[PDB]
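A.B. asks: Residue numbers (the deposited numbering), protein chains in the order written: chain W, 1213 to 1260; chain E, 728 to 969; chain C, 1067 to 1115; chain S, 353 to 453; chain G, 505 to 554; chain Z, 8 to 157, 166 to 230; chain L, 6 to 105, 109 to 134, 139 to 157, 169 to 232; chain B, 2 to 68.
Even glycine gets a Cβ: it sits at the ideal position worked out from N, Cα and C.
Take this structure, written in structure tokens, and hold onto it; I'll ask about it next.
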Amino acid sequence: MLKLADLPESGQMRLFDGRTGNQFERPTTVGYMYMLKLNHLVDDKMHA
Amino acid sequence: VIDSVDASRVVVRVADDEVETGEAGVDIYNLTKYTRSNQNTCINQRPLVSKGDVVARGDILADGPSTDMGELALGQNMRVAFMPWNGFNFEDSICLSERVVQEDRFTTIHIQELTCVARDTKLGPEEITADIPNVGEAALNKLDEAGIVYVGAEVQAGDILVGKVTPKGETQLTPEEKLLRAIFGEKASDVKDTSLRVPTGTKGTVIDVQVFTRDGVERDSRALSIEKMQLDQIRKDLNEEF
Amino acid sequence: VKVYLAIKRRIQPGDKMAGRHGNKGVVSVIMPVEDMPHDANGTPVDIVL
Amino acid sequence: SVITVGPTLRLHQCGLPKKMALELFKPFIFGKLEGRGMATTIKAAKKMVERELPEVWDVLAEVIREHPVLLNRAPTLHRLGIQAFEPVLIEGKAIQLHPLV
Amino acid sequence: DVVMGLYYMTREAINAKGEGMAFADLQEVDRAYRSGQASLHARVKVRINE
Amino acid sequence: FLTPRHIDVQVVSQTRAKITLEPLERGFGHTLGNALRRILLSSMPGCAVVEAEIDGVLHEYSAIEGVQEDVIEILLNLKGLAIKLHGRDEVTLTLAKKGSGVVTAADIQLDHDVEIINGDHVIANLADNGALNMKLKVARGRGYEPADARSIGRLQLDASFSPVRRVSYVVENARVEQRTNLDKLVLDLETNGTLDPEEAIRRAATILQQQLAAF
Amino acid sequence: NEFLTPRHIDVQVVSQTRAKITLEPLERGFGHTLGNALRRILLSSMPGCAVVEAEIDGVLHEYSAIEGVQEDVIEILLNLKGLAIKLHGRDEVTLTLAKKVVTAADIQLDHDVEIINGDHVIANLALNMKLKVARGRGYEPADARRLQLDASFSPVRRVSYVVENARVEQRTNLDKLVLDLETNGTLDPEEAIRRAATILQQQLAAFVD
Amino acid sequence: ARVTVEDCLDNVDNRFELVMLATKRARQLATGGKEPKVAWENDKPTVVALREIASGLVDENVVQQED
């Protein structure tokens, strides 16, 4: 499923540095993580 | 088949196979509106069907909160990499991007409750009266002649919502208090104002107010507006099912 | 009486964010879309772990 | 409150949001407001710190740069759970902290 | 994160671009590394004003 | 020591467009591409629906008759709408439709300075039970502005405009017979059609010159 | 649509070769943008002059040592690599030094090249060389295109910046710029910042309106 | 420019009496009877007191004579 959609097989993408602009001499891993939202906000716990 | 889809209620038709002789098409479904849960979070039902489609037994018509188009859909997804970036994800921390605040992806809306009572004391009774002392222009502009803020008004931090005036007798006032009362020329009001307000850090918009009165007691005009809105909504859904 | 006040809370710096495999975390600030590293396709990364 | 990490701050300083910075420095802002000569009262001072005026941050930032604060975890484990830092003026509701502490 | 920075920063590499090169000083090496042609791990030679 | 002139705007779609200005020297192309993306992704003048007042429902949560979607869904569809404004900051728009038919973004009554881009974005679904009626008040902002920082029917919304979504830079090797390494850059500006990409580059040029005139 | 114009308030100067400028009034996402762009245009390329060719006497390779110096020929080459040379007349000149502790001002030079760091020690007497400098816009390594060696043409030495939030009355989320620089001494820090930013002015000034 | 107590902690090696000395110095500064030696760098009297402690300008007998 990684190799059929024009994506690298090990998740070893080649990324570009947005801050410094120097080319990374190492392949990185990106993707999509489905995360959750919690009932641990600041507004219900803030005591003023 | 589905005749008409509305966000308040949905109706479906009954086929000739799984039906009785009399009262063939009778199927109402009151969708849960924006009410209060137990942990002060909002709950609602969103329809995911169209007009002119057939359904089956046990089909999903309207999904609740954190459910979309028939399946459980709790959160959202975004592009995620594994990198310690500038100490923002220091040990196990998170570093977001401007897409989640610009597209309102992982934002959440809570429904905050505020229960105010209007009791009866031995020195003087209380009522929902809009004529409250120590009320400025910004507080009086939000509340009506009854004493309750209108449906859908912007509530800021430190706003008076409900109307509650309590009396007092033999307060033993200081000369400084009567001096500051006589300087401004205001009347010596012996009735205090114990109306509830919002806590610090809450600045939102109200959606509805629920009022309960005793049997054989005087009713507020805001209560009359609430019960007349509820009865015209009930008569509207009875008329549409008829 | 009881009034139902709805707060339109947004993303603020310091909210709680965890995934599905028990990785508790707190967001730091609202960093822009350019500071994150991007690939050659055109889609920059959003939430870096 | 809840904490978060701030990596752009030194060891001799930290971050702190203005919504709690208006109240944790309340006798200091009352003394500065009654000593500089803008408002000698305290009820108008409460009204101007609850009305979110524009000048409250300019008169409040004098006791942010060089004024210590204390911060303690509510589950206390050892003696390093309490600390001292220096706040700055940021936005939001939660507190940024030093990473290496 | 800081210890992975010191780990991936200081390394004994076999094959890289700029193997056997000479650096003038510490900040000249910082200029030469950030130019985009030098690697973070390479067998190089530099004097130190310690 | 050459200045980048005679740019070429390669428009391959209504969202994405390629622009290659000139091949730079050895080490300059990544620098100019990173600087241009760092300034273009920061803040661009876009437009979004910041205010919305409905005459059928008082607030933005309770449902009404005739509308299939929820009011949260219709305000999400309004804040997800791409709108183009030429020379006006605030303009009042209306929306009204009666009948059993769907409504798209072309059904909104535009003006001489109000232009609609998308036509496939479905606004809502109607029925024969009831109808809807609401007014749209949009504004042009610089950066992100929430409803908390910025009568009874006034309902505030957050500024959610996105003038640019997906950009990157791809370096190549060219030859114009003046040096050894000539690195040219390709910039895929993907926008929502609310503004011109060349005008966005000119706006970022004015921002960088107004920011570096002080130094 | 009103943008905030930045104004230079203070400039903390501690020495002639190290300065620390700041920029208080900025926007939310423009401060880190301008700071990282300025750091990039100082680290990437800057037009200058540096030693691109070297030659030793009696040592063909870098491993062969010489006689007449308490240090090694490795130390002599690393000492001559650390010089700062600025010139504007010619493009490639060859410098010759013939001395039998020496200084940097003992090299035979004409009026075209201007020596700045003349107190830099090269060798220690206890010696002939042929150095050639050239103009370079970017970094020219030894692999791409003791004979060939590296060259540092940029007068800047170390760029660093930390951006933090400031005290803003009219707005909420606006951060300031703190920038620390160190140079070779041949150029002023603010003049080097201006001479690096003027190519960013010229690259998009004709396109702007 | 920064709050540094190491210049006194490496000098007196006590970490006890400098708290009382900076206490009396800050009280004399807030009382308005004694002028500070080092100039103000947009700070409170605490930073000036700890800087006068770490610089070695005020001692126990000097603060007792200033009282």
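Can you tell which of E/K914, E/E881, E/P811, E/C822 has the C-alpha that lies nearest to the C-alpha of C/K1074?
C.D. replies: If we check each option's Cα against that of C/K1074, E/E881 comes out closest.
A.B. asks: Suppose contacts are defined by Cβ-Cβ distances below 8 angstroms. Is L/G34 in contact with Z/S49 by that definition?
C.D. replies: Yes, Cβ-Cβ distance for L/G34 and Z/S49 is below 8 angstroms.
A.B. asks: Tell me whether the beta-carbon of L/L82 lies closer than 8 angstroms to the beta-carbon of L/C54.
C.D. replies: Cβ distance not < 8 angstroms, so L/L82 and L/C54 don't count as in contact.
A.B. asks: Of all the alpha helix (DSSP H) runs that stay within the bounds of the segment 60 to 97 of chain Z, which reach a length of 4 or more residues?
C.D. replies: The qualifying runs are 78 to 86.
A.B. asks: Should E/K914 be labelled buried (16 or more other beta-carbon atoms within 10 Å of its own) or exposed?
C.D. replies: E/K914 comes out exposed.
A.B. asks: If you check the beta carbons only, do G/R551 and G/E523 fall under 8 angstroms apart?
C.D. replies: Contact flag unset, no.
A.B. asks: Hey, is G/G522's beta-carbon within less than 8 angstroms of any beta-carbon in chain W?
C.D. replies: So, not an interface residue.
A.B. asks: Per DSSP, Z/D203 is paired with what?
C.D. replies: Paired residue(s): Z/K25.
A.B. asks: Name, please, each residue of chain Z whose Cβ falls closer than 7 angstroms to the Cβ of L/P11.
C.D. replies: Ordered by position in chain Z, the residues that pass the 7 angstroms Cβ test against L/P11 are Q226, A229.
A.B. asks: Quick check: what's the CA-CA separation for E/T748 versus E/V741?
C.D. replies: Cα to Cα, the separation comes out at about 12 angstroms.
A.B. asks: Okay, do the segment 364 to 380 of chain S and the segment 840 to 860 of chain E touch, 3+ Cβ pairs below 8 angstroms being the bar?
C.D. replies: As far as the Cβ criterion goes, the segment 364 to 380 of chain S does not touch the segment 840 to 860 of chain E, which means the pair count is below three.
A.B. asks: Can you find the residues in the same chain that come closer than 8 angstroms, C-beta to C-beta, to L/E60, ignoring five residues on each side of it along the sequence?
C.D. replies: Around L/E60: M141, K142, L143, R169, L170.
A.B. asks: Who are the neighbours of S/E375 on chain W, taking C-beta pairs under 8 angstroms?
C.D. replies: Those are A1260, listed as they occur along chain W.
A.B. asks: With a cut-off of 8 angstroms on the beta carbons, I'd call S/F437 and S/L423 a contact; round off their distance for me.
C.D. replies: Right, their Cβ atoms sit about 7 angstroms apart.
A.B. asks: Considering only DSSP beta bridges, list what L/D198 is partnered with.
C.D. replies: BP columns for L/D198 point to L/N188.
A.B. asks: Give the DSSP-derived three-state secondary structure of E/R962 in the structure shown.
C.D. replies: E/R962: helix per DSSP, three-state reduction.
A.B. asks: For Z/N41, report the span of its alpha helix (DSSP H) as first-last.
C.D. replies: First-last of the alpha helix (DSSP H) with Z/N41: 36 to 47.
A.B. asks: Which residues of chain E have a Cβ atom closer than 8 angstroms to the Cβ of C/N1089, listed in chain order?
C.D. replies: In chain order: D819.
A.B. asks: The segment 533 to 545 of chain G: which residues have C-beta closer than 9 angstroms to a C-beta of chain W, in chain order?
C.D. replies: Cβ contacts with chain W: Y537, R538, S539, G540, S543, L544, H545.
A.B. asks: Flag this pair as yes or no: are the beta carbons of L/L223 and Z/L223 separated by less than 8 angstroms?
C.D. replies: Contact flag set, yes.
A.B. asks: Take the Cβ of E/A950 as the centre, count every other Cβ of all protein chains shown within 10 Å, and call the residue buried at 16 or more, exposed below.
C.D. replies: Result: buried.
A.B. asks: Measure from the alpha carbon of S/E404 to the alpha carbon of each residue in Z/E32, Z/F8, Z/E80, Z/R157, then state which is nearest.
C.D. replies: Selected option, being the one with the closest Cα: Z/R157.
A.B. asks: When the Cα of Z/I123 is compared with those of Z/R218, Z/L210, Z/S175, Z/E80, which residue comes out closest?
C.D. replies: Selected option, being the one with the closest Cα: Z/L210.
A.B. asks: Below 8 angstroms on the Cβ atoms is my guess for E/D920 versus E/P860; work out the distance and round it to an integer in Å.
C.D. replies: Correct: roughly 6 angstroms between the Cβ atoms.
A.B. asks: Assign E/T901 to one of two classes, buried (16 or more other C-beta atoms within 10 Å of its C-beta) or exposed (fewer than that).
C.D. replies: E/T901 is exposed by the Cβ-count criterion.
A.B. asks: Among L/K86, L/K104, L/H119, which residue has its Cα nearest to the Cα of L/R95?
C.D. replies: That would be L/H119, whose Cα lies nearest to the Cα of L/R95.
A.B. asks: What separation, rounded to the nearest whole angstrom, lies between the Cα atoms of L/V179 and L/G148?
C.D. replies: If I take the Cα positions, the gap works out to 14 angstroms.
A.B. asks: Would you say S/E404 lies against chain B (beta-carbon separation less than 8 angstroms)?
C.D. replies: So no, S/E404 is outside the interface.
A.B. asks: Applying the criterion that 16 or more other CB atoms from any shown protein chain within 10 Å of the CB defines a buried residue, is E/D942 buried or exposed?
C.D. replies: Under this definition E/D942 is an exposed residue.
A.B. asks: Have a look at Z/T10 and Z/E32 and give me their C-alpha separation to the nearest angstrom.
C.D. replies: Rounded to whole angstroms, Z/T10 to Z/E32 spans 11 angstroms at the Cα level.
A.B. asks: Our contact map puts C/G1080 next to S/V354 with C-beta atoms below 8 angstroms; I'd like the distance itself, whole angstroms only.
C.D. replies: Their Cβ separation, rounded to whole angstroms, is 6 angstroms, which keeps C/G1080 and S/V354 in contact under 8 angstroms.
A.B. asks: Using only CA atoms, which one of E/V938, E/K895, E/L907 lies nearest to E/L850?
C.D. replies: Minimum Cα distance to E/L850 is reached at E/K895.
A.B. asks: Report the option in S/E386, S/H450, S/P369, S/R362 whose CA atom is closest to the CA atom of S/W409.
C.D. replies: Measuring from the Cα of S/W409, the nearest candidate turns out to be S/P369.
A.B. asks: Near Z/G73, what residues of its chain come up, given a Cβ to Cβ distance below 7 angstroms and the 5 sequence neighbours on each side ignored?
C.D. replies: So the list reads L133, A134, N136, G137, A138, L139, once near-sequence residues are dropped.
A.B. asks: Return the CA-CA distance between G/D505 and E/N813, expressed in angstroms with no decimal places.
C.D. replies: Cα-Cα distance, rounded: 8 angstroms.
A.B. asks: Going along chain E, which residues have a C-beta under 9 angstroms from G/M513?
C.D. replies: Correct list: empty, because the minimum Cβ distance to chain E is about 13 angstroms.
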